[PDB]
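Have a look below at one chain only, the form deposited in one PDB entry, in structure tokens format.
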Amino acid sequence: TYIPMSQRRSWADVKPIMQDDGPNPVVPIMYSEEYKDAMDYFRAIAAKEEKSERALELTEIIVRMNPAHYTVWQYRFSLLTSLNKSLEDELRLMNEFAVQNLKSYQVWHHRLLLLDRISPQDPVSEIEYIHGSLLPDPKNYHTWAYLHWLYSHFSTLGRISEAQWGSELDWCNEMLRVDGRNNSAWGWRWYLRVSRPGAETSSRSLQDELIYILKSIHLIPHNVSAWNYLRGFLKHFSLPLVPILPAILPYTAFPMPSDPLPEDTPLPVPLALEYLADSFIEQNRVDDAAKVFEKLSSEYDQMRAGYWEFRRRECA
């Protein structure tokens, strides 16, 4: 049996405040006895701006019922800073939240605020937590976003060593080994190899990157992630397509495709034809480019008939 807070001696001094819905509201939720009671007392606590242990206790009770309650999380963080609570303990509590499947974006934002405030000299333990969190859920968009923020924030403080960057690339390569179609891991690779301020972008560095990309294409020729990365890479560094063309050409009819091609690889690969088309435009061969665009439109990628026709008309 639930004991109402209006009967508890710990809360005797507090007068609860009802939700101010106005008359006959639309989309009302049939709040449970527990949730309504807790919110009634939170309304009172927050209105008087009480910073206390019982207030902290109450916010945990509410977020456990509704992890997506952004207002209550805001108040919780204020309570943590006012009461000068252990932020390390709070982090461990967030770990317990994930184990108990109490997950939502607000939990992840809370983690960011905690780590920003703790501001540890070495964020490795949190990096590890994120990796472990990504293993059974490898495409969690905001976990990936958080990982980007963490390395980015802590790097501006000069707290990410070269060894740390190296093991991060090691970890990324393993994620891509496990699932070459994990576009989130391709994105992380782009941060690690191209976009981050400290990325090694010497001439031989670019060469090695091309080798990795092409090896990925030869492994999985229909991998849209791999093609997008290739196109994005060449564009960003303003590199000509023609020199790489021999590696791509077999997919239209430096590491080369395996002979024979892997089983279950019907030709042509649509994005391989896009490459050929764009390499013709590079050579100012607009007619030959229009011809492959037309082929994509009417034969080899008909779902995008209108788009490839548009690209064809852009030449003729």
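Residue numbers run from 1 along the displayed sequence. For the two forms, the rigid core is made up of the largest set of C-alpha atoms that agree within 1.5 Å on superposition.
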- Message: Considering only other entries where residues before and after it are modelled, is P255 without coordinates in at least a third?
- Response: no
- Message: Missing residues between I29 and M30 in the deposited sequence, please: none, 1 to 3, 4 to 9, or 10 or more.
- Response: none
- Higher of the two mean Cα B-factors (99 to 107, 219 to 227; per PDB record) comes from 99 to 107
- Query: Between 286 to 294 and 37 to 45, which has the larger average Cα B-factor in the PDB entry?
  - Reply: 286 to 294
- Item | Among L245, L79, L150, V72 - the residue whose C-alpha B-factor is largest in the record | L245
- Message: Quick check on the deposited entry: does the C-alpha B-factor of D137 sit in the lowest, middle or highest third of its chain?
- Response: lowest
- Within this chain, which third does the Cα B-factor at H131 fall in: lowest, middle or highest? lowest
- Query: Going by what the PDB entry lists, where does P240 fall on CA B-factor within its chain: lowest, middle or highest third?
  - Reply: highest
- Considering only modelled residues of the same chain, in which third does the CA B-factor of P262 rank: lowest, middle or highest? highest
- Query: Thinking about Cα B factors across the chain, which third does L206 belong to?
  - Reply: highest
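Keep in mind that the form deposited in another entry is not shown, yet the notes after this line are about it.
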- Note on the structure: Rigid-core superposed between this form and the one not shown, candidates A199, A145, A98, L206; the one over the 2 Å C-alpha cutoff or at it is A98
- Since the C-alpha distance between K103 and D89 changes by 3 Å or more in the other form, give its direction relative to the shown form: closer or farther. farther
- Message: Can you confirm the direction of the Cα distance change for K51 and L102 in the other form, closer or farther than in this form, given it is 3 Å or more?
- Response: farther
